[PDB]
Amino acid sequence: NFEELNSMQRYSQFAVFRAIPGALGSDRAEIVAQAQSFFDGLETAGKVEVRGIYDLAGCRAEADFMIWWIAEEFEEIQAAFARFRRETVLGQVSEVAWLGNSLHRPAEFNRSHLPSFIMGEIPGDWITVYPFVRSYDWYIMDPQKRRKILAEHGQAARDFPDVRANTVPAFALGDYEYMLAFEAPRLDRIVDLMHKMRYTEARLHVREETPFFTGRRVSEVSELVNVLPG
């Protein structure tokens, strides 16, 4: 099944939204009821798996919450994404802020490196996601040297096994090359990990890694809706 985990087809999308001030109002029970119904429908249809919903309040301006859903076919995420904005009031009073799309593929050298979500691990309580673009010369570099740099890079994170990684290619799914998501039970551990990873030779082959989206996984839509601005 290790071969099946590498040959698996899974599209992953991070859908970031911002709240429109003055749109939600103070009465939100129907919005909550209609929204939880939509997600109940996704779950029983068995096609789009919602890994988490995250309260992004306080991370950045122009972003409030985010959905992380996965599916075998991208056209499934298109329809769920479209139906959310079209047939739910929460989707009609939310603006789309940023979309991070990716597709699982095996690693170039160490095929034991698999995304946390590919392996069915339990999602972390805290998350940070952001895109990634490598240097222009990265992929044509001597494969022996690139393999050496990626080994020092994996070895530099040995002290953070509580932080689960998700590196997923994103070519042609947007303006980026990879899509990154890191889950942990505590935010301060993610911060510490990013700091340590700066001490690697791979940092000399980086072109872009913004924007960042950092938030807490909520247990149910009501926990998130009731927080948003009015």
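Residue numbers here begin at 1 and follow the sequence given.
As the entry records it, the average C-alpha temperature factor is higher for 21-29, out of 6-14 and 21-29. Per the PDB record, of the two stretches 176-184 and 45-53, 45-53 carries the greater mean B-factor over its C-alpha atoms. When the Cα B-factors of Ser102, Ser135, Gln78, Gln144 are read from the PDB record, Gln144 comes out highest. When all modelled residues of the chain are sorted by CA temperature factor, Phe65 is found within the lowest third. Sort the chain's modelled residues by C-alpha temperature factor and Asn110 lands in the highest third, per the entry. Placement of the Cα temperature factor of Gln36 within the chain: highest third of the modelled residues, per the deposited record. Among all modelled residues in this chain, the alpha-carbon of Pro131 has a temperature factor (C-alpha) in the lowest third. For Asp192, the recorded CA B-factor ranks within the middle third of the chain. Only modelled residues enter the ranking.
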